[PDB]
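# just the structure for this:
(2 chains, ligands or ions: 4)
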Number of protein chains: 2
Amino acid sequence: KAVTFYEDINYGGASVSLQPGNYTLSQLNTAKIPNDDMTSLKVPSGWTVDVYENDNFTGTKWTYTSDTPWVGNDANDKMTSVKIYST
Amino acid sequence: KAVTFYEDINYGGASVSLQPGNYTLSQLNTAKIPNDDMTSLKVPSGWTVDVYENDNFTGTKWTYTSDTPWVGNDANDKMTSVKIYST
Ligand SMILES: [Ca+2]
Ligand SMILES: [Ca+2]
Ligand SMILES: [Ca+2]
Ligand SMILES: [Ca+2]
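Numbers count the residues shown, from 1 in each chain, chains lettered A, B, ... in the order given. Ligands and ions are numbered 1, 2, ... in the order given. Right below this line is the structure:
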């Protein structure tokens, strides 16, 4: 049970799974998730994922609460930091 | 009435008690709680403890709301910062 971020549409390409927490760009990069590269994600039922356009949970924020095969053009390849809640 | 963090399993070893607040690594170190050393903890009923893998409330976050004699292998010896709420 985790959030999995995918590099291409429809859960294709490289993928990394994360547990709840508040992840800066530095931490994403260590977890092998590159800057501005997230296109789809799987979110466990009851969890919340707050994707931020800029580092340290700033800039525009997109919220996902279910599996999302396509984040849309505005949010695509924009993730630089992310907060994940098991709520 | 406080949260007490223990260095070994089943509330054994060195222990430090803290009141609600948001504690960075620096502050934990001053309170005599070393980095990456927490294995069990006591949480007062109604309180919440958010344990963070990295400093300044970032990285993976584990949540405890009751006495926990064993934090588990993934969370063991990982506390670098912590938020404690009397709620
Ligand atoms: Ca991509
Ligand atoms: Ca970005
Ligand atoms: Ca320990
Ligand atoms: Ca740590």
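# quick one: the helices in chain A?
Assigned by DSSP state H, chain A shows helices spanning A:25-30.
# can you show me the strands along it?
A:3-8, A:12-18, A:21-23, A:40-42, A:48-54, A:58-64, A:81-85 (DSSP state E).
# show me what counts as buried in the first one.
Within strand A:3-8, the residues that qualify as buried by neighbour count (16 or more other Cβ atoms under 10 Å in any protein chain shown) are A:3, A:5, A:6, A:7. Where you see a C-beta, it was placed from the backbone N, CA and C, and this is true even at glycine.
# among the strands of chain A, which is the most enclosed?
Mean neighbour count (mean count of other Cβ atoms under 10 Å in any protein chain shown) peaks for strand A:21-23 among these, with a mean of 24.
# ok, that one near chain B or not?
Yes - for strand A:21-23 and chain B, the contact criterion (Cβ under 8 Å from any Cβ of the partner chain) is met by A:21, A:22, A:23.
# can you lay out these as a markdown table showing distance to residue B:13?
Below are those laid out as a markdown table (distance: Cβ to Cβ, whole Å):
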| residue | distance to residue B:13 |
| --- | --- |
| A:21 | 26 |
| A:22 | 29 |
| A:23 | 30 |
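# and which of the residues you listed is nearest to residue B:65?
Checking the residues of strand A:21-23 next to chain B against residue B:65 with Cβ to Cβ, the nearest one is residue A:21 at 17.2 Å.
# how much space between the residue lying closest to residue A:87 once chain neighbours are set aside and residue A:84?
Using Cβ to Cβ, 6 or more residues apart in numbering or on different chains and skipping residues adjacent in sequence, the residue nearest residue A:87 is residue A:48, 6.5 Å away. Residue A:48 is 7 Å from residue A:84, where distance means Cβ to Cβ, to the nearest Å.
# and what of residue A:2?
In terms of Cβ to Cβ, residue A:2 sits 9 Å off from residue A:84.
# in chain A, what residue comes closest to chain B?
residue A:21 (4.0 Å; Cβ to the nearest Cβ).
# quick one: that residue and residue B:51 touch, right?
No - using Cβ atoms under 8 Å, residue A:21 is not in contact with residue B:51; the gap is 10.0 Å.
# excluding its backbone neighbours, what's nearest residue A:68?
residue A:41 is the one closest to residue A:68 (Cβ to Cβ, 6+ apart), at 5.6 Å.
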